[PDB]
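We begin with a single chain expressed as structure tokens, specifically the form deposited in one PDB entry.
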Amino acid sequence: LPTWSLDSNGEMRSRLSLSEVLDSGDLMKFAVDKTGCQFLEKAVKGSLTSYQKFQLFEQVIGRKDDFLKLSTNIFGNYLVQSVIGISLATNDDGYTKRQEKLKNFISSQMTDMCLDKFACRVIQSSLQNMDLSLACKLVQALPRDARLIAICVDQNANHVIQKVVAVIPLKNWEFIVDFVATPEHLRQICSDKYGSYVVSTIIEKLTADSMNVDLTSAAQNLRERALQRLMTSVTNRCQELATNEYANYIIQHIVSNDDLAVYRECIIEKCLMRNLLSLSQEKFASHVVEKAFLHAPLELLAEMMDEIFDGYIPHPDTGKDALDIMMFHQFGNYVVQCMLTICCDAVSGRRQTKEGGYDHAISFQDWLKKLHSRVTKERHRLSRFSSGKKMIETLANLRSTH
């Protein structure tokens, strides 16, 4: 901080004016100081004259090096977002020029600004507040090589990608979807704490749900094409995504969403079917199996139930079947529990048994009787476990009301 701005104690004087700081040439010193930046942040919220704006624009977003220094500063990045705000609100000669100079500045340092904890906020800010056409150009400056992977898995830059997906039309970031759907990129990105969220956010935006009813038919066709490209790669690696600690949320999201029903059905038929006993014993994939049971259309649900009740050869030495294994397994027990809940919801009217006017109630009753007969015969061993007690108590409650 420059000595002319301090008092008898080395403290910043009160009663300082904005134009004093602007005229002094020491704005950069105030902007990286906590107290000075607080003053500037508050001062620029007032009624500024045209010349005060002129000085602000030139000293904060006028020169690349000072812009970058402020954008990557723990305090300056806030002043940068404020000045960009004022710039967007000031409809003078320079309105588009300032945006383009700003777009060019960020474009030239795009990777490093995304990876920076503070500059990545300046980027997200510009993406959603700048004129859409300039914001779209900013998206094009994203790298196309291994840096884009590093961006998706970064603790800070992953939010830049999610911001792009939220506020930019799909045409401008289609290359990200094709990048992500590249098989080797997909595995790295989905299997990461941050990148998993990136892929889920992409899929959500690519879904024709109620939040996309405002799209044109032409935008829906483009959306559907990107969705199919991404879904093809995902379903091709579905088993390894379903069993990964971070990617399993992606399979769950596809399976649980009615507006992705055809992709749900393809995952169930091509990935989980004939693997239910194995995947039910997996820490992460057992969550995927539950969602499949909960959301499967009735014909696939019947096939999944029949795979558990009668798809596996009993153990040759003891005669234990798949149900025996799963009911006592550390993860499989939640799947049986889910199966029991579905059947009880059906008989008790809390679940639709008609699918297209055709009633499958008889089938739910069949599955419930199988679960009840097993639980009744194994009640003593099952009473030793919480999951077992839960099943026993769910059953007794049910037929004392029906």
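Numbering starts at 1 and runs along the sequence shown.
The next section is about a form of this same protein that is not shown, the form deposited with a partner chain bound.
- A residue is said to contact a partner when one of its heavy atoms sits within 4.5 Å of a partner heavy atom; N91 fails this definition for the partner chain in the deposited complex, lying far away.
- Heavy atoms of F331 reach within 4.5 Å of the partner chain in the deposited complex, making it an interface residue.
- Within this chain, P297 is remote from the site of the partner chain in the deposited complex, having no heavy atom within 4.5 Å.
- Within 4.5 Å of some heavy atom of the partner chain in the deposited complex lies at least one heavy atom of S278.
- Candidate site formed by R274, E282 and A322: every one of these residues places a non-hydrogen atom within 4.5 angstroms of the partner chain in the deposited complex.
- Exactly one of the stretches 306 to 314, 73 to 81, 155 to 163, 131 to 139 approaches the partner chain in the deposited complex with heavy atoms within 4.5 Å, and it is 306 to 314.
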